[PDB]
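Engineer:
2 protein chains.
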Amino acid sequence: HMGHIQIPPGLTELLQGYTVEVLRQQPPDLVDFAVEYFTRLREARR
Amino acid sequence: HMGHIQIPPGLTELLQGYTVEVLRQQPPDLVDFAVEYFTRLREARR
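In the order they appear, the protein sequences are chains B and A. Residues 1 to 22, 23B, 24 to 46 (the authors' numbering) make up the first sequence, in order. Residues 1 to 22, 23A, 24 to 46 (the authors' numbering) make up the second sequence, in order.
1) For chain B, is any of its Cβ atoms less than 8 Å away from the one on residue 16 of chain A?
2) Which value, in whole angstroms, describes the spacing of the CA atoms of residue 20 of chain B and residue 3 of chain B?
3) Comparing the C-beta of residue 46 of chain A with each C-beta of chain B, is any distance below 8 Å?
4) Please confirm whether any heavy atom of the ligand HEM lies closer than 7 Å to the CB of residue 46 of chain A.
5) So residue 42 of chain A and residue 31 of chain B are supposed to be a Cβ contact under 8 Å. How far apart are they, rounded?
Structure representation (structure tokens):
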């Protein structure tokens, strides 16, 4: 349970957008906003 | 719909932990991991 790699792929871009959203609409809460925004991202293509 | 501030409070620390989790357990997916980890954070205190 130690691992030898420390580079989260697709983590930068994804997070980046976050700052672009939470700021373009400063939500009343992040935790909840993170679950709603991401929970939907799974069905984005829809 | 423009806003004049650009500093998400409580956003750094929160995100920081993320990198500490997604890396200490490289999940099979971030989006879903973001919704599960955060969706639960709301009931953390529990």
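A virtual CB, placed ideally from N, CA and C, is assigned to each residue, including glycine.
Structural biologist: According to the data block:
1) By this cut-off, residue 16 of chain A is not an interface position.
2) About 31 Å.
3) The beta-carbon of residue 46 of chain A is placed no less than 8 Å from the nearest beta-carbon of chain B.
4) The ligand HEM is absent from the structure shown, which contains no ligand whatsoever.
5) A Cβ-Cβ separation of about 5 Å places residue 42 of chain A in contact with residue 31 of chain B under the 8 Å criterion.
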